[PDB]
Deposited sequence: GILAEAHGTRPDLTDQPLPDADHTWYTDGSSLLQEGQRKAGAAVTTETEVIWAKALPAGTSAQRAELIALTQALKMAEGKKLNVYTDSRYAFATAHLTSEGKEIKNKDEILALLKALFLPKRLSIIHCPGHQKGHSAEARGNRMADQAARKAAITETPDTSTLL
């Protein structure tokens, strides 16, 4: 499925990591704030504010890419509530005239870092709690932290 032949959409039965990702972009009194995060069901393992103006879609790609990078050499089940990020990870060919070009390139390269990988798209279950955790962490970073650029 996609550029990476063994990529599955169903959870691996023996993953080393089960992570949740989210990218956020909120309009706070006319100012565009953004953030991204990677979490386990209950703990934040990476989160940061992104440059002013960063769109939600761009932030979503950045978060998923970070998860892939941190899981290099391991078996990863990673969740995303972004249809856009999920679909992008399955692209096999695209032109230069596309939005978020740099982020897409980084994602496509990162797909090959994990030993085994499942990217899953989407309550009171563990997966619902994890997705909610990533959402809260990305929004918290966007609203309460300062970005490294801009």
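Judged by missing C-alpha atoms, the gaps in the deposited chain sequence fall at residues 1 to 6, 129 to 133, 162 to 164, listed in sequence order.
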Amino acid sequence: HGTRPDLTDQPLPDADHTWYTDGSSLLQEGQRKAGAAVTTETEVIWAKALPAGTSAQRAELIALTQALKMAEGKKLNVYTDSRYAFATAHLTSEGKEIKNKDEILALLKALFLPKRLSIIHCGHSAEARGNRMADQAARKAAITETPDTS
From here on, numbers count along this sequence of modelled residues.
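As the entry records it, the average C-alpha temperature factor is higher for 26 to 34, out of 53 to 61 and 26 to 34.
Per the PDB record, of the two stretches 13 to 21 and 131 to 139, 13 to 21 carries the greater mean B-factor over its C-alpha atoms. Comparing the C-alpha B-factors of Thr88, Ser125, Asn100, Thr40 in the entry, the top value falls on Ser125.
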